[PDB]
Amino acid sequence: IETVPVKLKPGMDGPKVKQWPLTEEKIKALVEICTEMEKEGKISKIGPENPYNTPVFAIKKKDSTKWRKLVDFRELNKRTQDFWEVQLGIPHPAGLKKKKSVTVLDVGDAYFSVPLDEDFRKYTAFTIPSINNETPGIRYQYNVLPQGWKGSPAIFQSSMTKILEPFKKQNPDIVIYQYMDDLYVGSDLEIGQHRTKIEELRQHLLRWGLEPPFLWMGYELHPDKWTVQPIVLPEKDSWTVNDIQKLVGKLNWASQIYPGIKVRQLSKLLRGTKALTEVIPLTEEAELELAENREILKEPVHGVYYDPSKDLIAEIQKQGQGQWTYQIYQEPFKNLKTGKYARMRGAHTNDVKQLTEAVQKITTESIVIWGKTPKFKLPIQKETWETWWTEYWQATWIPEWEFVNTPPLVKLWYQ
Amino acid sequence: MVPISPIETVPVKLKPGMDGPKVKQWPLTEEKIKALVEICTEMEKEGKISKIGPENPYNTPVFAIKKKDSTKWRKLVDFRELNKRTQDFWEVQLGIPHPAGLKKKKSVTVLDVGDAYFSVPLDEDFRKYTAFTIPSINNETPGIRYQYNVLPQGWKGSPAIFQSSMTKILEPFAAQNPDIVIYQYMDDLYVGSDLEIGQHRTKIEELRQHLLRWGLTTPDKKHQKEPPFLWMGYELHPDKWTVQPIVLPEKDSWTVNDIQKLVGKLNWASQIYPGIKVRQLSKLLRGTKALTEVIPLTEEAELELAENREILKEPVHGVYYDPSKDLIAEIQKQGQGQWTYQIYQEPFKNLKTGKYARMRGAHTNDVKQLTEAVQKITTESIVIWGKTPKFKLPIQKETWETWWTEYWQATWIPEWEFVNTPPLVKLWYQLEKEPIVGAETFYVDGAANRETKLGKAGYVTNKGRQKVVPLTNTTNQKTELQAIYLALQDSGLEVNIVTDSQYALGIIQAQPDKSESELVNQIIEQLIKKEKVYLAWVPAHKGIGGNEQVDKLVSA
Ligand SMILES: Cc1cc(/C=C/C#N)cc(C)c1Nc1ccnc(Nc2ccc(C#N)cc2)n1
Ligand SMILES: Oc1ccc(Br)cc1
Ligand SMILES: [Mg+2]
């Protein structure tokens, strides 16, 4: 109830980000939401002396009919000071990714109970646009901690730890992690049990609150069933020239990741100028080289380490048939995680919706494992992505992304 | 008197670290000084400016200009320096309404609110920065010093602070009168409605009563401006809209500047005149920006000009938006990377038209271009109407399904239906997913010496067919494409091709149907004539048979 002083970083002005076009349905939803936020004192109208702006839109969280306002504070978060005053940073819990059940709760509504430093509010300005710019956009700023701002969990930290103390003391094996507006709660209990402790946890903040519109929801994960993708080679009784060519190609690629990979004996099978569909018997030197390569590929990659000071990078490949592969790394050929999806939901005829869901799942994975979001290299043209991703977005955070315009050969080796 | 509600002041600051202006007042003739003194005395009488003491250290120069063909003088306070030092504001006018998003109105009345413009109070703490000085006669007395109390014309914040003040005054009226629309342009309010003229004229009276609460008087002698309105280059009528007259000049010789202004008019016209084209005319301004240079119009550009003149022969109008009906957008391919479209709700009554041009790129194809045009219309339609139109596209449903399922990128086009109007967008070739049984296998390679630019391209096949061609003024990348071309030229209708060129596979994997490179274009031509093509990649210099043999033939 007393404001924490907040600053931007040195020699850095506030965000001046253009509001992108919003559909009629999202505008009307935001008008209704902001009218009731203004009545509750959460936001106030601002004048033309404030030239700052952050984009806003609206989403529907997974399995909900009600619109949620989502501010894209990515620029403000970059330009906001770093909060290491009381804590250099809560260390990231490495045990969260090892629990059988992790449920994600939207606790962002709790932030609205803390006032925002009156000198910093101007930088949270946003605009509700009108269709065809026929009426002046409605200009607001925040009077309280906004959802999506990196400073909100930091300033509210002190308050959150004290709200959760009774639950943490009574349930010591539970790992609770806070990222932006999300609360990740992991346990090793039977899901029936699990859901009941989550419900117990929801009560602690309704009690303290005494209403949050989305606190009742629950996004359940299972990071111990998480799968990874080692490099595997085909097992065949009949190898065509083409098969062996693809094998040597894949092995050549793997040799950038694994030192001792060899292809000399396998290349030796191709000697001559043969039809691609001709069957080639493996000699025993080629079978041994191949077996030796298989055993190399069952060991971990050498010299792979996470550094919290460097960016995480996520690459995604479209494999077809609703299948997507992805890798997370900081240094080339030093993958920290790899994976594959196929269960993309209600998007059998929409690649962009599938990709958007993959980006969200990968980002969720990254939050649980390292506590931060990766920078995505997306296999999509920027104009297609920018026109549609907001239509399928259901998370309360937004990662960073760049566009891949040249087809990678590596797609073949991850399929 | 009747109490008036005051206009609250917007707090204004100078840019951080910047102080106010201190600009020397230029010497003036005795006749301009007496003109400025009388002008400023009446401004002072009206509360616009106030005389200040000598303590204020700031100053902005003032000038006297003759309204031409008049013995009347006019004041000009040059705020250029203060504007450089004044903070940035929020600008609402950046987005201009598109006429095609407006709604039909039976009546539109115009009200003059100039009284309000020159009567919005200025932040008390900022007034000092607006100080100016009338020089004294013969410089024998101190100049007369004044500062502004109202919003100064020519000051950076005056347009934004006026608009915001007016909007705040009007919001209660608009909210409680949802049957009318109000728009502020310059010092005029435009009020439109569908009501009966009497119910409408009452609303106007009511709006005048509301404005009088802030002391804002509106001329009783109603405005002279009436439909049609000339606005932002458009003509607005009650039930239709268009662009102001587009007149393409006759010229025996054309210069850079003339072509720029011709293309500008064509671009402006293309939002309601269907089919406008500007590719060949824009090609003339490639690279060069010497406004006085003459460029001979090519035959292609004369045809495009002639085609545009016949499109612009006679007026065309757009209709307004009916929210109760769906939006339809239809696209046609025009050639040379040009696309045109029309957006309508009832047949033959366009809301607006437009065009899209191929983005700069080494290689491209029609499907990618059609996709980009759809995204552009989608985004434009969200802006103007807040919704995506249903699309009518010259591409078969089967062609789109094959393209999206097999393309290496994610891609998507919103709800659409095939419209069978040539030229249709199609896939010109499709590579095989598996090697072809019974088809000859061509192992291709090329190489070039980086010094002399001498190279070789060629192939060897499983049937013993071989070719190597010596090349001049070439590069490794060019010889790799030439090798693939030779394999296509010398093979039958089905062919397997094995290359080690990552460069060549990057290009072909992108599925171009036309290219900047005539060599890629020759490859595309050959691909189109095949029945089946399987392209296989192998890593170089790894002892792979076929690939090893031809590599040594070409790098010799
Ligand atoms: C943008 C705008 C410019 C002018 C005018 C600016 C100037 N000069 C006048 C008005 C009233 C508006 N605002 C809106 C809002 C919604 N529908 C309309 N439809 C509409 C507007 C004018 C005519 C006419 N004639 C017909 C329909 N206008
Ligand atoms: O009374 C008013 C005069 C001008 C403006 Br702008 C707003 C209110
Ligand atoms: Mg070679």
# chains A, B, ... in the order shown; residues from 1 in each chain; ligands from 1

$ residues_near_ligand --ligand "ligand 1" --cutoff "6 Å" --atoms "only C-alpha atoms and all ligand atoms" --output "PDB file with C-alpha atoms, in the first residue's frame"
ATOM      1  CA  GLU A 134     -13.643   7.105 -36.296  1.00  0.00           C
TER       2      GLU A 134
ATOM      3  CA  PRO B  97     -10.775   7.299 -41.130  1.00  0.00           C
ATOM      4  CA  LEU B 102     -17.898   5.095 -42.808  1.00  0.00           C
ATOM      5  CA  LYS B 103     -21.642   4.511 -42.633  1.00  0.00           C
ATOM      6  CA  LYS B 104     -24.380   6.040 -44.793  1.00  0.00           C
ATOM      7  CA  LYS B 105     -25.876   9.206 -43.243  1.00  0.00           C
ATOM      8  CA  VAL B 181     -21.772  10.559 -34.973  1.00  0.00           C
ATOM      9  CA  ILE B 182     -19.452  13.519 -34.269  1.00  0.00           C
ATOM     10  CA  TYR B 183     -16.080  14.163 -35.968  1.00  0.00           C
ATOM     11  CA  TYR B 190     -19.273  17.367 -38.294  1.00  0.00           C
ATOM     12  CA  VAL B 191     -22.457  15.811 -36.922  1.00  0.00           C
ATOM     13  CA  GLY B 192     -24.161  13.056 -38.887  1.00  0.00           C
ATOM     14  CA  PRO B 227     -22.312  17.839 -48.908  1.00  0.00           C
ATOM     15  CA  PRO B 228     -20.244  16.974 -50.841  1.00  0.00           C
ATOM     16  CA  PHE B 229     -17.242  17.502 -48.546  1.00  0.00           C
ATOM     17  CA  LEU B 230     -13.698  17.850 -49.916  1.00  0.00           C
ATOM     18  CA  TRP B 231     -11.599  16.123 -47.221  1.00  0.00           C
ATOM     19  CA  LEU B 236     -17.694  12.565 -49.163  1.00  0.00           C
ATOM     20  CA  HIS B 237     -21.353  12.433 -50.198  1.00  0.00           C
ATOM     21  CA  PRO B 238     -24.315  11.350 -48.038  1.00  0.00           C
ATOM     22  CA  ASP B 239     -24.532   7.872 -49.600  1.00  0.00           C
TER      23      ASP B 239
END

$ residues_around --residues "stretch 398-403 of chain A" --least-positions-apart "2" --cutoff "10 Å" --atoms "only C-alpha atoms" --output "PyMOL selection string"
chain A and resi 70-74+148+313-315+359-360+363+372-383+385+393-396+405-406

$ residues_near_ligand --ligand "ligand 3" --cutoff "7 Å" --atoms "only C-alpha atoms and all ligand atoms" --output "PyMOL selection string"
chain B and resi 445-447+500+540-541+551

$ closest_residue --among "A:24, A:365, A:119, A:295" --to "chain B" --atoms "only C-alpha atoms"
A:24

$ residues_around --residues "residue A:75" --least-positions-apart "4" --cutoff "9 Å" --atoms "only C-alpha atoms" --output "ChimeraX atom specification"
/A:14-17,54,79-80

$ closest_residue --among "B:554, B:92, B:28, B:457" --to "chain A" --atoms "only C-alpha atoms"
B:92

$ residues_near_ligand --ligand "ligand 2" --cutoff "7 Å" --atoms "only C-alpha atoms and all ligand atoms" --output "list in words"
residues 6, 7, 116, 117, 119, 120, 161, 162, 163, 164, 165, 166, 169, 211, 214, 215 and 216 of chain B

$ write_last_selection --atoms "N, CA and C atoms" --output "compact mmCIF listing (two decimals), in the first residue's frame"
# COMPACT_ATOMS: atom_id res chain seq x y z
N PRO B 6 -14.88 25.64 -16.58
CA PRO B 6 -13.62 25.97 -17.26
C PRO B 6 -12.96 24.79 -17.99
N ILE B 7 -12.11 25.06 -18.96
CA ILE B 7 -11.38 23.94 -19.60
C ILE B 7 -10.14 23.70 -18.75
N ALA B 116 -13.67 28.12 -29.75
CA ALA B 116 -13.03 27.24 -28.76
C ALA B 116 -11.53 27.13 -29.04
N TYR B 117 -11.14 26.98 -30.30
CA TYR B 117 -9.70 26.75 -30.59
C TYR B 117 -8.81 27.80 -29.95
N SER B 119 -9.26 29.63 -27.55
CA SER B 119 -9.73 29.95 -26.18
C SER B 119 -9.47 28.80 -25.21
N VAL B 120 -8.65 27.83 -25.59
CA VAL B 120 -8.25 26.72 -24.67
C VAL B 120 -7.08 27.24 -23.83
N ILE B 161 -3.73 19.24 -27.76
CA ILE B 161 -4.41 19.70 -26.52
C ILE B 161 -5.81 20.23 -26.87
N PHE B 162 -5.96 20.79 -28.07
CA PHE B 162 -7.30 21.25 -28.52
C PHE B 162 -8.20 20.03 -28.73
N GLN B 163 -7.71 19.04 -29.48
CA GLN B 163 -8.51 17.83 -29.79
C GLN B 163 -8.92 17.14 -28.49
N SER B 164 -7.98 16.98 -27.57
CA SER B 164 -8.27 16.27 -26.30
C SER B 164 -9.31 17.04 -25.48
N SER B 165 -9.18 18.37 -25.42
CA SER B 165 -10.15 19.20 -24.67
C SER B 165 -11.53 19.09 -25.31
N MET B 166 -11.61 19.25 -26.63
CA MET B 166 -12.89 19.13 -27.35
C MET B 166 -13.49 17.73 -27.13
N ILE B 169 -15.07 17.34 -23.79
CA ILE B 169 -16.32 18.15 -23.69
C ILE B 169 -17.44 17.38 -24.40
N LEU B 211 -22.53 22.80 -25.58
CA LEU B 211 -21.25 23.51 -25.77
C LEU B 211 -21.27 24.83 -25.01
N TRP B 214 -19.63 25.40 -21.60
CA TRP B 214 -18.18 25.73 -21.49
C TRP B 214 -17.95 27.10 -22.10
N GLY B 215 -19.03 27.81 -22.44
CA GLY B 215 -18.92 29.17 -22.98
C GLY B 215 -18.61 29.16 -24.46
N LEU B 216 -18.75 28.00 -25.09
CA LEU B 216 -18.37 27.88 -26.51
C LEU B 216 -19.57 28.25 -27.38

$ interface_residues --of "chain B" --to "chain A" --cutoff "7 Å" --atoms "only C-alpha atoms" --output "VMD selection string"
chain B and resid 10 to 12 88 to 90 92 95 to 98 101 160 to 161 164 375 379 382 to 387 405 408 to 412 435 437 440 to 441 461 to 462 506 509 to 510 538 to 539 542 to 546

$ select_by_dssp --residues "stretch 40-254 of chain B" --states "strand (DSSP E or B)" --output "ChimeraX atom specification"
/B:49-51,59-60,62-66,73-77,86,107-112,121,132-134,144-148,150,180-185,188-193,229-231,234-236,241-243

$ residues_around --residues "stretch 302-306 of chain A" --least-positions-apart "3" --cutoff "9 Å" --atoms "only C-alpha atoms" --output "number ranges by chain"
A: 257-259, 299, 309-310, 329-331, 334-336, 370

$ atom_distance --atom1 "atom CA of residue B:313" --atom2 "atom CA of residue B:350"
17.9 Å

$ residues_around --residues "stretch 151-162 of chain A" --least-positions-apart "6" --cutoff "7 Å" --atoms "only C-alpha atoms" --output "mmCIF file with C-alpha atoms, in the first residue's frame"
data_model
loop_
_atom_site.group_PDB
_atom_site.id
_atom_site.type_symbol
_atom_site.label_atom_id
_atom_site.label_comp_id
_atom_site.auth_asym_id
_atom_site.auth_seq_id
_atom_site.Cartn_x
_atom_site.Cartn_y
_atom_site.Cartn_z
ATOM 1 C CA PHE A 83 14.901 -5.698 -9.554
ATOM 2 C CA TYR A 111 -1.322 -7.709 -8.343
ATOM 3 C CA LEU A 145 0.706 -3.264 -10.576
ATOM 4 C CA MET A 180 5.011 -13.244 -14.328
#

$ select_by_dssp --residues "stretch 34-163 of chain A" --states "helix (DSSP H, G or I)" --output "PyMOL selection string"
chain A and resi 34-39+74-79+96-98+108-113+121-124+131-133+151-163

$ write_last_selection --atoms "N, CA and C atoms" --output "compact mmCIF listing (two decimals), in the first residue's frame"
# COMPACT_ATOMS: atom_id res chain seq x y z
N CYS A 34 -12.16 -2.41 -19.44
CA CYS A 34 -11.50 -1.21 -18.95
C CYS A 34 -12.47 -0.28 -18.25
N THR A 35 -13.73 -0.24 -18.69
CA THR A 35 -14.73 0.54 -17.95
C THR A 35 -14.85 0.04 -16.52
N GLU A 36 -14.90 -1.29 -16.35
CA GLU A 36 -15.04 -1.74 -14.94
C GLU A 36 -13.69 -1.64 -14.22
N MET A 37 -12.51 -1.77 -14.85
CA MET A 37 -11.25 -1.51 -14.17
C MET A 37 -11.15 -0.05 -13.73
N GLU A 38 -11.63 0.87 -14.57
CA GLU A 38 -11.58 2.29 -14.22
C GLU A 38 -12.45 2.59 -13.02
N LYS A 39 -13.63 1.97 -12.94
CA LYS A 39 -14.50 2.17 -11.78
C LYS A 39 -13.86 1.63 -10.51
N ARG A 74 6.29 -6.28 -23.61
CA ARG A 74 7.63 -6.74 -23.94
C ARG A 74 8.62 -5.58 -23.98
N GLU A 75 8.23 -4.46 -24.57
CA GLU A 75 9.16 -3.33 -24.68
C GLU A 75 9.40 -2.70 -23.31
N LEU A 76 8.33 -2.47 -22.54
CA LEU A 76 8.49 -1.89 -21.21
C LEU A 76 9.35 -2.80 -20.33
N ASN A 77 9.16 -4.12 -20.44
CA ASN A 77 9.94 -5.04 -19.63
C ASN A 77 11.42 -4.94 -19.95
N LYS A 78 11.76 -4.74 -21.23
CA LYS A 78 13.16 -4.53 -21.60
C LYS A 78 13.70 -3.23 -21.01
N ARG A 79 12.87 -2.19 -20.99
CA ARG A 79 13.36 -0.89 -20.57
C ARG A 79 13.19 -0.64 -19.08
N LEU A 96 11.26 -28.36 -9.74
CA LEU A 96 9.94 -28.20 -10.33
C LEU A 96 9.75 -29.13 -11.52
N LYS A 97 10.76 -29.22 -12.39
CA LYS A 97 10.66 -30.03 -13.60
C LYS A 97 10.65 -31.53 -13.32
N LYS A 98 10.75 -31.95 -12.06
CA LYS A 98 10.80 -33.36 -11.71
C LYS A 98 9.56 -33.85 -10.99
N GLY A 108 -2.62 -13.38 -11.53
CA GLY A 108 -2.35 -11.99 -11.86
C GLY A 108 -3.32 -11.01 -11.23
N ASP A 109 -4.52 -11.46 -10.88
CA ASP A 109 -5.50 -10.55 -10.30
C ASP A 109 -5.04 -10.03 -8.94
N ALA A 110 -4.20 -10.79 -8.24
CA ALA A 110 -3.72 -10.35 -6.94
C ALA A 110 -2.89 -9.08 -7.05
N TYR A 111 -2.23 -8.87 -8.19
CA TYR A 111 -1.32 -7.71 -8.34
C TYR A 111 -2.10 -6.39 -8.24
N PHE A 112 -3.37 -6.40 -8.62
CA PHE A 112 -4.15 -5.17 -8.63
C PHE A 112 -4.37 -4.60 -7.23
N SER A 113 -3.98 -5.31 -6.18
CA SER A 113 -4.16 -4.82 -4.82
C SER A 113 -3.03 -3.92 -4.35
N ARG A 121 3.71 5.40 -13.40
CA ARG A 121 2.45 4.99 -14.03
C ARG A 121 2.39 5.42 -15.49
N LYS A 122 2.90 6.60 -15.81
CA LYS A 122 2.84 7.13 -17.20
C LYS A 122 3.37 6.12 -18.21
N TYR A 123 4.37 5.34 -17.81
CA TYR A 123 4.99 4.42 -18.76
C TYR A 123 4.12 3.21 -19.07
N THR A 124 3.01 3.01 -18.35
CA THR A 124 2.09 1.90 -18.61
C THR A 124 0.94 2.30 -19.52
N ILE A 131 -12.78 1.28 -34.36
CA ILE A 131 -12.83 0.78 -35.72
C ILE A 131 -12.72 1.96 -36.67
N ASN A 132 -11.84 1.88 -37.67
CA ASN A 132 -11.70 2.94 -38.70
C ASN A 132 -11.24 4.27 -38.09
N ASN A 133 -10.70 4.23 -36.87
CA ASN A 133 -10.21 5.46 -36.19
C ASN A 133 -11.30 6.53 -36.25
N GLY A 151 7.87 -6.13 -13.33
CA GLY A 151 7.99 -5.57 -12.00
C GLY A 151 6.88 -5.98 -11.07
N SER A 152 5.77 -6.48 -11.61
CA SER A 152 4.64 -6.83 -10.75
C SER A 152 4.97 -8.00 -9.84
N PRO A 153 5.43 -9.19 -10.32
CA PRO A 153 5.83 -10.27 -9.41
C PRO A 153 6.97 -9.84 -8.48
N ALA A 154 7.88 -8.99 -8.95
CA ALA A 154 8.99 -8.57 -8.11
C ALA A 154 8.50 -7.73 -6.94
N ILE A 155 7.64 -6.74 -7.20
CA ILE A 155 7.15 -5.89 -6.13
C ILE A 155 6.20 -6.66 -5.22
N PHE A 156 5.40 -7.57 -5.80
CA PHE A 156 4.46 -8.34 -5.01
C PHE A 156 5.09 -9.53 -4.30
N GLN A 157 6.33 -9.89 -4.66
CA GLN A 157 7.06 -11.05 -4.07
C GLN A 157 6.87 -11.10 -2.56
N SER A 158 7.25 -10.02 -1.88
CA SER A 158 7.18 -9.94 -0.42
C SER A 158 5.80 -10.35 0.08
N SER A 159 4.77 -9.89 -0.63
CA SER A 159 3.40 -10.19 -0.22
C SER A 159 3.03 -11.64 -0.53
N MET A 160 3.50 -12.17 -1.66
CA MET A 160 3.15 -13.53 -2.04
C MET A 160 3.73 -14.54 -1.05
N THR A 161 5.01 -14.39 -0.71
CA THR A 161 5.64 -15.31 0.23
C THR A 161 4.88 -15.36 1.55
N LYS A 162 4.36 -14.21 2.00
CA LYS A 162 3.66 -14.26 3.27
C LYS A 162 2.27 -14.86 3.12
N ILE A 163 1.59 -14.67 1.98
CA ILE A 163 0.30 -15.33 1.76
C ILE A 163 0.46 -16.84 1.76

$ residues_around --residues "stretch 188-194 of chain A" --least-positions-apart "2" --cutoff "9 Å" --atoms "only C-alpha atoms" --output "number ranges by chain"
A: 98-103, 173-174, 186, 196-199

$ closest_residue --among "A:107, A:279, A:291, A:232" --to "residue A:181" --atoms "only C-alpha atoms"
A:107

$ residues_around --residues "residue A:338" --least-positions-apart "6" --cutoff "12 Å" --atoms "only C-alpha atoms" --output "PyMOL selection string"
chain A and resi 226-231+313-317+324-329+362+365-366+414

$ atom_distance --atom1 "atom CA of residue B:376" --atom2 "atom CA of residue B:404"
18.8 Å

$ atom_distance --atom1 "atom CA of residue B:127" --atom2 "atom CA of residue B:9"
11.7 Å
